[PDB]
Structures are given as structure tokens and as C-alpha cells.
């Protein structure tokens, strides 16, 4: 079906993809990053999934509907679908998984996701006020899963594609606990299963013959690598030892790669924002005046045009304004001032805060080991020093991905490199991040007025009303200088000419092995 008629498929159907880092975990309730989701999406499948262009398609649910108030969501599950051990996939698995997500005992980084979906009692369960069984989801019968929201969520279906809402094999997890995730124990309902895992080297996938749609799966086996540095990724690609890079390429090589690798360079415009997150509860970044100084004195065009130059676009707000219902979000006024004015304002604010050339503002930029991040941090450090005439002095601190995520979540940072990719193609995937009570909010940003602005969106009865509430939230977040937004992403990748089914058009840039195929000639 996915293969055009007549196409000469290769016999082996093996692919090697750089996944970029060692994942924290293969349990979708214990993770929050792209490396993790890329693994989970091969092994498990939720209600709805997506094609190579990011368009929604039936997953574990073959049909679904909503009540006209957008509060009741009913999903019709496939009657003959099975887990990789032969157990049936039922609505009970979904009830089980979604309860486990908000269960405080799970301590899930994405606990808040069912709060974002406005599911009855989700927030109360997260807050320890109600038992997980009180969650407003139910198995009306073995193949009918119903979601009950307290507010209208017209974008509900798009949320259900996220890794945090993947089903888990209840019978297995209830018996094994957290140990279900070990390779010997793992059971899933996705297109692949784990053949091997060597920490810091590779993850090997093999076909799950019990996947409901195995007959349309083409790739037989795949390897995910964990290569942190884009230049190493490119080197392995050019040695013919991997087939698809991760979504970073070395800026200084980019031009020549386009010239030499005709039709192998893909650049996807994605719903993503690259920021420096400020720790709003750690001195001195609890001071709005300093957060403001850092924003004024960072020239985004230097990073996008001079350091990277691959199509990244400067931004000064968190939400990408091209996301659906994002269109009324405004770039802040200072972004239109000349750098000379901005820098003069920044220097005043830092002097008022008691910094000088002799006693500069000192802090570290925490980032995950990646030469491209290092380059951006070097440029940021350099701009902040020069633009403030010596009143900021910035050190770099790189940590392995797992450690970096831990450090951010633990608040053990001053300023951290941060990228947020949309979980679903609607503005709240960004706006929800900065709610006071969001499990994703590692900035420790909290403004009741922000929360109130966001809450007004559920009182709106149309897209315009929602888009106005999102604009007001972003305004509030901007006046607080809660973070330092830098750019909206592109995702440059190399893909070999014999790899088919990668579009360059998926705004979330997922790679599902079930969407790919290797051609012969």
C-alpha cells in the first residue's frame, strides 16, 4: 500500500537512523524528550497516529467521534488487535495507562498532559486530592474507550497522538511493575519490538509480527544510533554507515552538503522553539530586571543568520506564531528597537542590579552535549559580554542528555538551553507549558494572570476567541521575561536516496519506521 506500484523494493529492508542520544527510558510515563518518543513510537501505538506528512490517521482506534460541546470523545478500538505477547488490546489498557500517567506514584514528567486535555479529575489526581480510578475515562466495553473533559477541547484528537498517551499492557505492567520496560519483559502494540539495546551504542528493532497492520509494514529491522554531535552524524552518513541523520547538521558544512548530496538534504519547517530557559526561582534570575537585561542584549539574528544559517527564524515569544490559533501572538516592542538602544537599556538594568566589569553577572549555560548547541552557547556568551561592555561573564556546562534533563527538572541550573517541539498542532501545546502547575514547567515560571489568560480560552466558543486568549497569555509571559526565546526551528537532515517515505513536510518531524521503505535502484 505505502509502496508505489511497480517500485523495486530492496530485499533486506534494514535501516540505520541516528536517534541523537541515549534515551532516559523506554517507558512513555517516565520520559519527556524526542529520543525517548522516537523509541516509544516504534514499540507502542495510541488511539491516533500520523503519516509521513504529519496528517492524522487511525491507530489503535479505527473510528472516533465527539459530542457537539467538544467534551465527550469516544474511541472505537480494533476488535482483533493484539499485544506482541498475544494478549488483546482493549479499552482497559487505555484506562490503565492514562490512570498510571496522572498517578502521583508514577511521578511522570508528562503527568500534566491529561490536565491539558481537561479530563475530569486529572488535575485533582495529579494534586493527590482524588484516587487515579476517579479519572474521567472509561471502558464502556472492551473495545470502546470514552474520554470525559470538563471544558471544550476541539483539538482533542491531535493530543492523543503524543507518547504520554500510548497504551501500556495492563496485564504485564500490573505483574512486573516498572521492570516491564526491560528488553526481556517489554510488550507493545506497535509495528516493532526491541531486539537489542547497548547503552550509549545502539537500539535494534525487529518487526512485531502481531502488530494489527504488520501486513503493510515494510522495514524488517532498524538500528537507532546515539551520536551526540552533528559532525559525527554526517561523517557516519558519508562513510555509508547510517541512512538518516538526526535533525542537526554542522552549519559550516551545510552549503557544501547541499551541493554534493543532490536531493539528500531535507529541511523540515517544524513547530518548535529554541530558548534559553531562566531559572525563575534561583537568584539572581528571580529578578525581572536581570531577565529583561538578558533578553534585550541577545541578538537573535546573529545566531540564526551567522552561527546556524539553515533557515531558523528569530523569535522573541515562546509559541511559534504560525501554529494553528497562534496568529494573534505579537512579537514584543523591544524586538523592533536597534541593538544600540537595547544594549544601552540592558547595561543600565545590570548596573542598577549592582554589576560592573570588575563584578560581572556570572552564570553557566547548561546544555546537552552537542557541538551545535556549544556553538550557539559560545555565541550567546560572547554577545552577552560584548553587548553589555563586560557586565556579564558566561561559562558553558555540557551534560549528557539524561543528566541534562535531570538537572533541568531538579532546578540545578541558572540558564539552560531548551527546545520545545509541538506535541500537537495547536497553540496550547506551547501555552500550556508555562501554566504555574505544569509538570513540563522547568523554568519555575508562575503568574496567576498567565494561568487566568490561558483559562479564558475554554470559555471561548471559536478559534478567534481562543487565539485572543493565547495572545494575552504570551503578552504576560513576555512582560515577565520568563525565558529568552531565540528561534523557531527547522530540522535539517541527510536522508539516503534509497530511503523512501520521509517527506520533509511533517511539522513535528516524526520518523515512524512503519512509514519507510528501501528501494533497489
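Positions refer to the first chain, counted from 1. Take the two forms, find the largest set of C-alpha atoms that superpose within 1.5 Å, and that set is the rigid core.
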{"query": "RMS CA shift, core-fitted in 6 other deposited structures of this protein, bigger for 457 to 465 or for 471 to 479", "finding": "457 to 465"}
{"query": "Positional deviation of Cα atoms in 6 other deposited structures of this protein after core superposition, greater for 262 to 270 or 411 to 419", "finding": "262 to 270"}
{"query": "Stretch exceeding the other in mean C-alpha B-factor - 488 to 496, 454 to 462", "finding": "454 to 462"}
{"query": "Stretch exceeding the other in mean C-alpha B-factor - 187 to 195, 379 to 387", "finding": "379 to 387"}
{"query": "From 145, 274, 254, 434, residue of greatest CA B-factor", "finding": "254"}
{"query": "Residue with highest C-alpha B-factor in the PDB entry, from 344, 206, 243, 138", "finding": "344"}
{"query": "Residue 40, C-alpha B-factor rank within chain (lowest, middle or highest third)", "finding": "lowest"}
{"query": "Cα B factor band for residue 266 (lowest, middle or highest third within the chain)", "finding": "middle"}
{"query": "Chain-wide C-alpha B factor ranking for residue 162, given as lowest, middle or highest third", "finding": "lowest"}
{"query": "B-factor third for the C-alpha atom of residue 51 within its chain", "finding": "middle"}
{"query": "Assigned third (lowest, middle, highest) for the C-alpha B factor of residue 367", "finding": "middle"}
